[PDB]
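run-v4.tsv follows (TSV, C-alpha atoms (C1' of nucleotides)):
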chain	number	residue	atom	x	y	z
C	1	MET	CA	4.06	30.14	-14.84
C	2	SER	CA	7.65	31.31	-15.19
C	3	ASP	CA	8.20	29.18	-12.10
C	4	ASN	CA	7.36	25.85	-13.70
C	5	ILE	CA	9.57	26.67	-16.65
C	6	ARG	CA	12.40	27.47	-14.21
C	7	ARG	CA	11.85	24.29	-12.18
C	8	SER	CA	12.05	22.50	-15.56
C	9	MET	CA	15.20	24.01	-17.06
C	10	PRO	CA	17.74	21.18	-17.37
C	11	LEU	CA	21.10	22.16	-15.92
C	12	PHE	CA	22.24	19.72	-13.25
C	13	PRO	CA	24.87	17.08	-14.12
C	14	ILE	CA	24.80	13.50	-12.84
C	15	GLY	CA	27.76	14.23	-10.56
C	16	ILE	CA	26.08	16.61	-8.07
C	17	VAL	CA	22.75	14.84	-8.43
C	18	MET	CA	24.37	11.66	-7.11
C	19	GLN	CA	26.02	13.44	-4.19
C	20	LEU	CA	22.78	15.16	-3.16
C	21	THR	CA	20.32	12.32	-3.64
C	22	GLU	CA	22.73	9.65	-2.46
C	23	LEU	CA	21.65	7.54	-5.43
C	24	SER	CA	23.98	5.58	-7.72
C	25	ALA	CA	24.26	6.55	-11.36
C	26	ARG	CA	22.70	3.10	-11.99
C	27	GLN	CA	19.66	3.84	-9.85
C	28	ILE	CA	19.27	7.26	-11.44
C	29	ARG	CA	19.30	5.67	-14.88
C	30	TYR	CA	16.79	3.08	-13.73
C	31	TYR	CA	14.25	5.67	-12.48
C	32	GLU	CA	14.72	7.51	-15.78
C	33	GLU	CA	14.05	4.26	-17.70
C	34	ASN	CA	10.80	3.91	-15.74
C	35	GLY	CA	9.55	7.35	-16.71
C	36	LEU	CA	9.96	8.87	-13.22
C	37	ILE	CA	12.24	11.68	-14.39
C	38	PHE	CA	13.25	13.15	-17.75
C	39	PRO	CA	16.80	14.52	-17.97
C	40	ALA	CA	17.60	16.12	-21.35
C	41	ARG	CA	21.06	15.78	-22.89
C	42	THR	CA	24.03	18.04	-23.71
C	43	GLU	CA	26.27	18.03	-26.77
C	44	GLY	CA	28.51	15.47	-25.08
C	45	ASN	CA	25.36	13.39	-24.61
C	46	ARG	CA	25.82	13.81	-20.84
C	47	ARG	CA	22.59	13.90	-18.84
C	48	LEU	CA	21.27	17.23	-17.52
C	49	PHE	CA	18.59	17.12	-14.81
C	50	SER	CA	16.04	19.78	-13.92
C	51	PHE	CA	15.10	21.03	-10.49
C	52	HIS	CA	11.85	19.02	-10.60
C	53	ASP	CA	13.94	15.98	-11.51
C	54	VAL	CA	16.29	16.39	-8.52
C	55	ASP	CA	13.34	17.15	-6.30
C	56	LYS	CA	11.60	13.91	-7.43
C	57	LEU	CA	14.82	11.93	-7.04
C	58	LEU	CA	15.15	13.16	-3.41
C	59	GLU	CA	11.60	11.99	-2.86
C	60	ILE	CA	12.43	8.60	-4.40
C	61	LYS	CA	15.38	8.24	-2.03
C	62	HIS	CA	13.04	9.05	0.85
C	63	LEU	CA	10.33	6.59	-0.19
C	64	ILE	CA	12.98	3.88	-0.64
C	65	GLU	CA	14.17	4.40	2.92
C	66	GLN	CA	10.59	3.96	4.09
C	67	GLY	CA	10.35	0.62	2.34
C	68	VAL	CA	8.17	1.64	-0.61
C	69	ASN	CA	8.68	-0.49	-3.73
C	70	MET	CA	8.87	0.59	-7.39
C	71	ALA	CA	5.11	0.18	-7.78
C	72	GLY	CA	4.57	2.52	-4.85
C	73	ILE	CA	7.05	5.10	-6.10
C	74	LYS	CA	5.21	5.24	-9.43
C	75	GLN	CA	1.75	5.58	-7.92
C	76	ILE	CA	2.83	8.33	-5.55
C	77	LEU	CA	4.84	10.42	-8.05
C	78	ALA	CA	2.00	10.03	-10.53
C	79	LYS	CA	-0.61	11.20	-8.02
C	80	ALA	CA	1.69	14.11	-7.28
C	81	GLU	CA	1.68	15.22	-10.91
C	82	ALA	CA	-2.10	15.07	-10.72
C	83	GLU	CA	-2.22	17.23	-7.56
S	1	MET	CA	-25.91	14.48	5.93
S	2	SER	CA	-27.38	11.53	7.83
S	3	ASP	CA	-25.43	9.40	5.36
S	4	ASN	CA	-22.12	9.32	7.17
S	5	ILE	CA	-23.58	7.64	10.24
S	6	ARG	CA	-25.04	5.00	7.94
S	7	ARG	CA	-21.70	4.57	6.20
S	8	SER	CA	-19.79	4.31	9.48
S	9	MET	CA	-22.27	1.70	10.64
S	10	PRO	CA	-21.11	-1.90	11.38
S	11	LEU	CA	-23.30	-4.13	9.25
S	12	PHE	CA	-21.47	-7.06	7.66
S	13	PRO	CA	-19.04	-9.76	8.82
S	14	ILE	CA	-15.71	-10.72	7.17
S	15	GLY	CA	-17.44	-13.39	5.06
S	16	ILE	CA	-19.82	-10.99	3.26
S	17	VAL	CA	-17.01	-8.45	2.79
S	18	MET	CA	-14.97	-11.09	1.02
S	19	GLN	CA	-17.80	-11.33	-1.51
S	20	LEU	CA	-18.04	-7.56	-1.96
S	21	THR	CA	-14.29	-7.01	-2.48
S	22	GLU	CA	-12.99	-10.36	-3.69
S	23	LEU	CA	-10.32	-10.17	-0.97
S	24	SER	CA	-9.41	-13.20	1.14
S	25	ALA	CA	-9.91	-13.11	4.88
S	26	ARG	CA	-6.12	-13.33	5.26
S	27	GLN	CA	-5.68	-10.21	3.14
S	28	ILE	CA	-8.52	-8.32	4.75
S	29	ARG	CA	-7.20	-9.09	8.21
S	30	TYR	CA	-3.62	-8.41	7.16
S	31	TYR	CA	-4.39	-4.91	5.94
S	32	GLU	CA	-5.83	-4.37	9.42
S	33	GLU	CA	-2.52	-5.46	11.02
S	34	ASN	CA	-0.95	-2.57	9.12
S	35	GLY	CA	-3.40	0.03	10.34
S	36	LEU	CA	-4.99	0.33	6.90
S	37	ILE	CA	-8.47	-0.34	8.32
S	38	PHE	CA	-10.20	-0.06	11.69
S	39	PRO	CA	-13.23	-2.47	11.72
S	40	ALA	CA	-15.51	-2.40	14.76
S	41	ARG	CA	-15.85	-5.46	17.01
S	42	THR	CA	-18.78	-7.27	18.65
S	43	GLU	CA	-19.07	-8.92	22.06
S	44	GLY	CA	-17.51	-11.99	20.49
S	45	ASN	CA	-14.62	-10.01	19.05
S	46	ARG	CA	-16.08	-10.66	15.59
S	47	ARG	CA	-15.35	-7.98	13.03
S	48	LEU	CA	-18.29	-5.96	11.70
S	49	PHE	CA	-17.36	-3.82	8.72
S	50	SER	CA	-19.26	-0.65	7.79
S	51	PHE	CA	-19.75	0.84	4.32
S	52	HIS	CA	-16.72	3.06	4.89
S	53	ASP	CA	-14.52	0.02	5.61
S	54	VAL	CA	-15.59	-1.71	2.38
S	55	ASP	CA	-14.85	1.42	0.36
S	56	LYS	CA	-11.47	1.89	2.05
S	57	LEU	CA	-10.95	-1.82	1.31
S	58	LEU	CA	-11.73	-1.46	-2.41
S	59	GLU	CA	-9.04	1.25	-2.59
S	60	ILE	CA	-6.50	-1.13	-1.07
S	61	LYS	CA	-7.45	-3.78	-3.61
S	62	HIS	CA	-6.81	-1.41	-6.49
S	63	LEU	CA	-3.34	-0.48	-5.25
S	64	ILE	CA	-2.61	-4.07	-4.15
S	65	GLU	CA	-3.28	-5.19	-7.72
S	66	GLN	CA	-1.07	-2.37	-8.96
S	67	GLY	CA	1.86	-4.02	-7.17
S	68	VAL	CA	2.07	-1.49	-4.34
S	69	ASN	CA	3.32	-2.91	-1.02
S	70	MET	CA	2.06	-2.02	2.47
S	71	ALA	CA	4.60	0.78	2.91
S	72	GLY	CA	3.46	2.28	-0.37
S	73	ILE	CA	-0.21	2.13	0.58
S	74	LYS	CA	0.36	3.61	4.00
S	75	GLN	CA	2.18	6.47	2.27
S	76	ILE	CA	-0.63	6.95	-0.24
S	77	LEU	CA	-3.62	6.63	2.07
S	78	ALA	CA	-1.86	8.84	4.62
S	79	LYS	CA	-2.06	11.78	2.21
S	80	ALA	CA	-5.41	11.04	0.58
S	81	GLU	CA	-6.96	11.36	4.05
S	82	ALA	CA	-5.36	14.66	5.02
S	83	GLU	CA	-5.91	16.62	1.81
S	84	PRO	CA	-9.69	16.46	1.28
O	1	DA	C1'	-21.79	-23.25	10.00
O	2	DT	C1'	-18.62	-18.79	10.68
O	3	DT	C1'	-14.88	-16.11	12.57
O	4	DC	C1'	-10.51	-15.62	15.43
O	5	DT	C1'	-5.51	-15.75	16.54
O	6	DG	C1'	-1.18	-17.91	15.79
O	7	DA	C1'	2.07	-20.33	13.10
O	8	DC	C1'	4.86	-22.73	9.17
O	9	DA	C1'	6.28	-30.44	6.14
F	1	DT	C1'	-0.53	-15.26	1.31
F	2	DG	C1'	-2.12	-20.04	1.81
F	3	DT	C1'	-3.78	-23.09	5.30
F	4	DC	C1'	-4.36	-26.23	9.02
F	5	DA	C1'	-5.34	-25.99	14.02
F	6	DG	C1'	-8.29	-25.50	18.34
F	7	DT	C1'	-11.72	-22.22	19.98
F	8	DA	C1'	-15.48	-19.32	20.89
Mind converting the file's structure to structure tokens?
Amino acid sequence: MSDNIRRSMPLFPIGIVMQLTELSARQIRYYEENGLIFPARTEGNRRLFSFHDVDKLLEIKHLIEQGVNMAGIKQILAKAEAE
Amino acid sequence: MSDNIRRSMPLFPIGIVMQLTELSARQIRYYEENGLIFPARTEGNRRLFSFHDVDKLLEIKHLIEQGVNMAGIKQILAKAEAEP
DNA sequence: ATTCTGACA
DNA sequence: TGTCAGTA
């Protein structure tokens, strides 16, 4: 689908992503290091997130607020990719 | 489908369940405190688990071993029960 | 013997 | 969660 390719185009910088998700750059990096999201990189090596990335990050923020731990986050996001 | 009635049928007590799921009574009862399971009761308030409860209990064990906490499991089971 | 609820040297 | 307690 042209949709999935659109939802995957990397274009969002860490700056807005932090404002919207309310996550620290540190946390964002952490979820990336755990394979939860996959932000490509520019020429300046700056991170560029995709819509699916930001969408998942908003979900991570939400699960955190509900008390879900890292293990939970992983299971859920994984079972979402399998849906 | 006279199977569901048999699966939702109270047959074994906490002690047998422990043997079928390798879960302690503390754990088994604890998951109940979180609304994860709804075991039927007898006249003596003794829990009688059905086949459905044991299955739903094996699921919890899998996640529990995966490091998922109660909040995580509530979140997971909540969806796995509304989709199918 | 077996399970139950509450509680924490 | 373990576990000891005091029952039912």
Write out, as a tab-separated table, each residue of chain S that has an atom at most 8 Å from chain F, together with the closest pair of atoms and their distance in Å to one decimal, counting all atoms listed in the file, rows going by chain and rising number.
residue	atom	partner	partner_atom	distance
S:26	CA	F:1	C1'	7.1
S:27	CA	F:1	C1'	7.4
S:44	CA	F:8	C1'	7.6
Quiz item: Expressed in Å to a single decimal, how great is the separation between atom CA of residue S:20 and atom CA of residue C:76?
Solution: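 That distance, rounded to one decimal, is 26.5 Å.
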Exercise. Give the residues of chain S that lie within 7 Å of chain C; count only C-alpha atoms, and format the answer as a PyMOL selection string.
Key: chain S and resi 66-69+71-72+76
Quiz item: Restricting the calculation to all atoms listed in the file, which member of C:54, C:11, C:77, C:82 is positioned closest to residue C:23?
Solution: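 Counting all atoms listed in the file, the residue closest to residue C:23 is C:54.
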Self-check item: Distance of atom CA of residue S:21 from atom CA of residue S:58, expressed in Å to one decimal place
Solution: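 Calculated distance between atom CA of residue S:58 and atom CA of residue S:21 is 6.1 Å.
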Quiz item: What is the atom CA of residue C:28-atom CA of residue C:57 distance in Å, reported with one decimal?
Solution: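 Between these atoms lies a distance of 7.8 Å.
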Practice problem: Determine, counting all atoms listed in the file, which protein, DNA and RNA residues have an atom within 7 Å of an atom of residue S:7; residues of the same chain fewer than 4 positions away are not included. Present the result as a list in words. | Solution: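 Listed by chain and then number, they are residues 3, 50, 51 and 52 of chain S.
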Which polymer residues have any atom within 10 Å of an atom of stretch 35-45 of chain C, counting all atoms listed in the file, with same-chain residues fewer than 4 positions away left out, as a PDB file with C-alpha atoms, in the coordinates of the input?
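Writing done, so here's part.pdb:
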ATOM      1  CA  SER C   8      12.050  22.500 -15.560  1.00  0.00           C
ATOM      2  CA  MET C   9      15.200  24.010 -17.060  1.00  0.00           C
ATOM      3  CA  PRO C  10      17.740  21.180 -17.370  1.00  0.00           C
ATOM      4  CA  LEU C  11      21.100  22.160 -15.920  1.00  0.00           C
ATOM      5  CA  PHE C  12      22.240  19.720 -13.250  1.00  0.00           C
ATOM      6  CA  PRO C  13      24.870  17.080 -14.120  1.00  0.00           C
ATOM      7  CA  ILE C  14      24.800  13.500 -12.840  1.00  0.00           C
ATOM      8  CA  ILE C  28      19.270   7.260 -11.440  1.00  0.00           C
ATOM      9  CA  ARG C  29      19.300   5.670 -14.880  1.00  0.00           C
ATOM     10  CA  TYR C  30      16.790   3.080 -13.730  1.00  0.00           C
ATOM     11  CA  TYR C  31      14.250   5.670 -12.480  1.00  0.00           C
ATOM     12  CA  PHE C  49      18.590  17.120 -14.810  1.00  0.00           C
ATOM     13  CA  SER C  50      16.040  19.780 -13.920  1.00  0.00           C
ATOM     14  CA  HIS C  52      11.850  19.020 -10.600  1.00  0.00           C
ATOM     15  CA  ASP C  53      13.940  15.980 -11.510  1.00  0.00           C
ATOM     16  CA  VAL C  54      16.290  16.390  -8.520  1.00  0.00           C
ATOM     17  CA  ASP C  55      13.340  17.150  -6.300  1.00  0.00           C
ATOM     18  CA  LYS C  56      11.600  13.910  -7.430  1.00  0.00           C
ATOM     19  CA  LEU C  57      14.820  11.930  -7.040  1.00  0.00           C
ATOM     20  CA  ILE C  60      12.430   8.600  -4.400  1.00  0.00           C
ATOM     21  CA  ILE C  73       7.050   5.100  -6.100  1.00  0.00           C
ATOM     22  CA  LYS C  74       5.210   5.240  -9.430  1.00  0.00           C
ATOM     23  CA  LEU C  77       4.840  10.420  -8.050  1.00  0.00           C
ATOM     24  CA  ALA C  78       2.000  10.030 -10.530  1.00  0.00           C
TER      25      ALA C  78
END
Please report as CSV every residue of chain O lying within 10 Å of chain S, along with the nearest atom pair and their distance in Å (one decimal), using only C-alpha atoms (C1' of nucleotides).
residue,atom,partner,partner_atom,distance
O:2,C1',S:15,CA,7.9
O:3,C1',S:46,CA,6.3
O:4,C1',S:46,CA,7.5
Please put the answer as JSON: centre and edge lengths, in Å with one decimal, of a box along x, y and z that encloses all listed atoms of stretch 2-18 of chain S plus 3 Å on each side.
{"center_x": -21.2, "center_y": -0.9, "center_z": 6.2, "size_x": 18.4, "size_y": 30.9, "size_z": 16.4}
Restore N, CA, C and O atoms in stretch 50-69 of chain S and list the result as an mmCIF file, in the coordinates of the input.
data_model
loop_
_atom_site.group_PDB
_atom_site.id
_atom_site.type_symbol
_atom_site.label_atom_id
_atom_site.label_comp_id
_atom_site.auth_asym_id
_atom_site.auth_seq_id
_atom_site.Cartn_x
_atom_site.Cartn_y
_atom_site.Cartn_z
ATOM 1 N N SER S 50 -18.252 -1.631 8.185
ATOM 2 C CA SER S 50 -19.260 -0.650 7.790
ATOM 3 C C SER S 50 -19.054 -0.362 6.308
ATOM 4 O O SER S 50 -18.154 -0.922 5.690
ATOM 5 N N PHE S 51 -19.889 0.496 5.731
ATOM 6 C CA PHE S 51 -19.750 0.840 4.320
ATOM 7 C C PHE S 51 -18.424 1.549 4.052
ATOM 8 O O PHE S 51 -17.819 1.390 2.991
ATOM 9 N N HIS S 52 -17.978 2.340 5.023
ATOM 10 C CA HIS S 52 -16.720 3.060 4.890
ATOM 11 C C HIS S 52 -15.546 2.080 4.798
ATOM 12 O O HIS S 52 -14.630 2.280 3.999
ATOM 13 N N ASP S 53 -15.581 1.023 5.607
ATOM 14 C CA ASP S 53 -14.520 0.020 5.610
ATOM 15 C C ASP S 53 -14.396 -0.696 4.269
ATOM 16 O O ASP S 53 -13.289 -0.957 3.793
ATOM 17 N N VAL S 54 -15.538 -1.016 3.668
ATOM 18 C CA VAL S 54 -15.590 -1.710 2.380
ATOM 19 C C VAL S 54 -15.010 -0.816 1.278
ATOM 20 O O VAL S 54 -14.276 -1.278 0.401
ATOM 21 N N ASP S 55 -15.355 0.464 1.328
ATOM 22 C CA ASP S 55 -14.850 1.420 0.360
ATOM 23 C C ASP S 55 -13.341 1.513 0.522
ATOM 24 O O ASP S 55 -12.597 1.333 -0.446
ATOM 25 N N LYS S 56 -12.894 1.775 1.753
ATOM 26 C CA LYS S 56 -11.470 1.890 2.050
ATOM 27 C C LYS S 56 -10.743 0.584 1.699
ATOM 28 O O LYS S 56 -9.533 0.573 1.475
ATOM 29 N N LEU S 57 -11.497 -0.507 1.640
ATOM 30 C CA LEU S 57 -10.950 -1.820 1.310
ATOM 31 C C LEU S 57 -10.816 -1.971 -0.210
ATOM 32 O O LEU S 57 -9.884 -2.610 -0.700
ATOM 33 N N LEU S 58 -11.760 -1.398 -0.953
ATOM 34 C CA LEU S 58 -11.730 -1.460 -2.410
ATOM 35 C C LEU S 58 -10.533 -0.673 -2.944
ATOM 36 O O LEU S 58 -9.939 -1.043 -3.960
ATOM 37 N N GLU S 59 -10.186 0.409 -2.239
ATOM 38 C CA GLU S 59 -9.040 1.250 -2.590
ATOM 39 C C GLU S 59 -7.769 0.410 -2.453
ATOM 40 O O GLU S 59 -6.929 0.377 -3.355
ATOM 41 N N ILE S 60 -7.648 -0.281 -1.326
ATOM 42 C CA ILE S 60 -6.500 -1.130 -1.070
ATOM 43 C C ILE S 60 -6.388 -2.203 -2.143
ATOM 44 O O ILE S 60 -5.285 -2.544 -2.576
ATOM 45 N N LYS S 61 -7.521 -2.734 -2.588
ATOM 46 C CA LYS S 61 -7.450 -3.780 -3.610
ATOM 47 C C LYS S 61 -6.859 -3.243 -4.898
ATOM 48 O O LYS S 61 -6.031 -3.903 -5.537
ATOM 49 N N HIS S 62 -7.285 -2.039 -5.273
ATOM 50 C CA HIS S 62 -6.810 -1.410 -6.490
ATOM 51 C C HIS S 62 -5.293 -1.245 -6.466
ATOM 52 O O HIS S 62 -4.599 -1.646 -7.408
ATOM 53 N N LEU S 63 -4.779 -0.676 -5.381
ATOM 54 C CA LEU S 63 -3.340 -0.480 -5.250
ATOM 55 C C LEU S 63 -2.633 -1.830 -5.160
ATOM 56 O O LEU S 63 -1.625 -2.045 -5.830
ATOM 57 N N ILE S 64 -3.176 -2.731 -4.344
ATOM 58 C CA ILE S 64 -2.610 -4.070 -4.150
ATOM 59 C C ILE S 64 -2.401 -4.761 -5.498
ATOM 60 O O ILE S 64 -1.397 -5.441 -5.704
ATOM 61 N N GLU S 65 -3.357 -4.581 -6.407
ATOM 62 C CA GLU S 65 -3.280 -5.190 -7.720
ATOM 63 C C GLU S 65 -2.293 -4.436 -8.592
ATOM 64 O O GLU S 65 -1.795 -4.969 -9.579
ATOM 65 N N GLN S 66 -2.016 -3.192 -8.220
ATOM 66 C CA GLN S 66 -1.070 -2.370 -8.960
ATOM 67 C C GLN S 66 0.367 -2.701 -8.550
ATOM 68 O O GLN S 66 1.310 -2.105 -9.058
ATOM 69 N N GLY S 67 0.531 -3.642 -7.622
ATOM 70 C CA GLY S 67 1.860 -4.020 -7.170
ATOM 71 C C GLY S 67 2.418 -3.238 -5.989
ATOM 72 O O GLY S 67 3.549 -3.476 -5.551
ATOM 73 N N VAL S 68 1.633 -2.302 -5.466
ATOM 74 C CA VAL S 68 2.070 -1.490 -4.340
ATOM 75 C C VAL S 68 2.107 -2.300 -3.037
ATOM 76 O O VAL S 68 1.155 -3.018 -2.723
ATOM 77 N N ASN S 69 3.201 -2.190 -2.285
ATOM 78 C CA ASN S 69 3.320 -2.910 -1.020
ATOM 79 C C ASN S 69 2.680 -2.116 0.124
ATOM 80 O O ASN S 69 2.216 -0.995 -0.081
#
